[PDB]
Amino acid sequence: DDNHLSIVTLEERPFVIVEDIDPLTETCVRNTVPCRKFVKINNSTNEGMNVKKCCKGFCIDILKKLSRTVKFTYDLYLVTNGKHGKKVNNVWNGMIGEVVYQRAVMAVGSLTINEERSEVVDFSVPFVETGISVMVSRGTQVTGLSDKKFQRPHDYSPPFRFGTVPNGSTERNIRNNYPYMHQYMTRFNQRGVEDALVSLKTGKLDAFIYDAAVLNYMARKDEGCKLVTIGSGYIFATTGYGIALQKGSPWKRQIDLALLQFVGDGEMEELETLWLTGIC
């Protein structure tokens, strides 16, 4: 009971991957774990139902290890109110909000550690390195975020076309650090990573600014190896993914030590090889 924890996650391949459950068995097989998703009946009601799904990927493998090593059981669910975490009128949504408002004991997923999130949740040690990277077509001449094509976009004719996926740690950072770039960028907001890669490949976008761990993976997987991150995969505002816990959580110490043991004993490299490899 006290050892059985509500845990929240969010699909973001390859770190978390969501598949439909076998209708004939209603059982998750192979390397997957049960994860449920509250799905609305209609838009004129608050009624919904929990749909049984199955989850796998790099952070799911981390969760299974933590569950075995720290000795807990869990009911994993997928967030439905936002995504990673954003503060709206001083109210947190996404995985962060689930934790802040005690609907989950922890958030396990591709959850970026930053300062304003750390004011409302406790984060584990980082277990995957990330930050902010820039994806372009190969040969695009852009030094980085501080490139003048980004900072002073209208100093060029035609101006550089570049966007991010809004409402996560990347946009929060750009808004705080580069006001003119941020207000220029918003017209190029992309609904998600797959849209952004299509926009790049078809010439609708010159650059895509986003989470380094996801972009570096998408680069290694790109069909034909045409899309690259700048600076051989350079990262601005280096940070990592962390497990988010409630402030003062008594699980933090054992989670931290477990993750550090996984790193120290080489177990993390096996997961990286399993989930994060590509032929570019």
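One rule holds for the numbers: they count along the sequence shown, beginning at 1.
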Original post:
Where do the C-alpha atoms have the higher mean temperature factor in this entry, in 222 to 230 or in 24 to 32?
Top reply: 24 to 32
**OP:** Between 42 to 50 and 236 to 244, name whichever shows the higher mean Cα B factor according to the PDB entry.
**Re:** 42 to 50
Original post:
Going by the deposited entry, which of 142, 105, 193, 120 has the highest CA temperature factor?
Top reply: 142
Original post:
Is the Cα B-factor recorded for residue 82 in the lowest, middle or highest third of its chain?
Top reply: middle
Original post:
When the modelled residues of the chain are sorted by Cα temperature factor, does residue 76 land in the lowest, middle or highest third?
Top reply: middle
**OP:** Rank-wise, by C-alpha B-factor, drop residue 205 into the lowest, middle or highest third of its chain.
**Re:** middle
Original post:
Sorting the chain's CA B-factors, does residue 113 end up in the lowest, middle or highest third?
Top reply: lowest
Original post:
Lowest, middle or highest third of the chain for the C-alpha temperature factor of residue 258?
Top reply: middle
